[PDB]
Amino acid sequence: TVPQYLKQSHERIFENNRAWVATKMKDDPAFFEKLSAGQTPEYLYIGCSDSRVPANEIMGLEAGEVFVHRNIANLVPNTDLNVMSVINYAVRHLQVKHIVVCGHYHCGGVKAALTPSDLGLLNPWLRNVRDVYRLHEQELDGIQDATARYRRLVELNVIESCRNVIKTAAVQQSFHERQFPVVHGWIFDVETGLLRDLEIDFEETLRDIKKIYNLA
């Protein structure tokens, strides 16, 4: 019942992996023990499942230095145990120094969230993007250009994901008693390859959140 082309495609991946390992052995033999050495990551990166470039390459780090979560539209929903487990583990167990949320403008989950279709299973997840729009409706309604409005929605979605990280007890507690981690919101431009810091202002955002949720 499984077409032969899918079996060949799968077998080609294993050929590519063997070639990739051969090339790493000739060019960089130290990589395998370095890879297996055991490193604690200093970064948590939350990005889009539609990955354009691996986080560690963008950041010029080794993959073992970045704990990674990717999901549709780089969301941090309040009641998502998947992302909340990544955050609580990275802070309380790995003691990461930085949490980054990184979005991009390339048509993915955010554009999917703007299509007025019943996508069954997907509607609840994409609703979180639509709720970012509703939080910033006064700003986004006033932006005439379709591309500009879409880009600002992508930015504000990163900013609200960052807000949702900062709201976690784990981030508050750890920053109070250890001065880390700090939360950053970034945009990756696929047209230029450049990161842009959206300059979240971790401390101000934390202050605003603490108005009804001051742990100490």
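Numbering starts at 1 and runs along the sequence shown.
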Check: Which is higher on average in the deposited entry, the C-alpha temperature factors of 36 to 44 or of 56 to 64?
Finding: 36 to 44
Notebook entry, point to check: Which wins on mean Cα temperature factor, 102 to 110 or 121 to 129?
Noted result: 102 to 110
Margin query: Given 88, 82, 115, 74, identify the residue with the highest C-alpha B factor in the PDB entry.
Written below: 115
Item checked: Residue of maximum C-alpha B factor among 167, 149, 184, 26, per deposited coordinates -> 26
Next item on the list: Tell me, lowest, middle or highest third: where does the Cα B factor of residue 31 rank within its chain?
Entry: highest
Check: If you rank the chain by CA B-factor, which third does residue 11 end up in: lowest, middle or highest?
Finding: middle
Check: Taking the entry's C-alpha B-factors for this chain, is residue 155 in the lowest, middle or highest third?
Finding: lowest
Next item on the list: Sorting the chain's modelled residues by C-alpha B-factor, tell me whether residue 161 ends up in the lowest, middle or highest third.
Entry: lowest
Item checked: Chain-relative CA temperature factor third for residue 199 -> highest
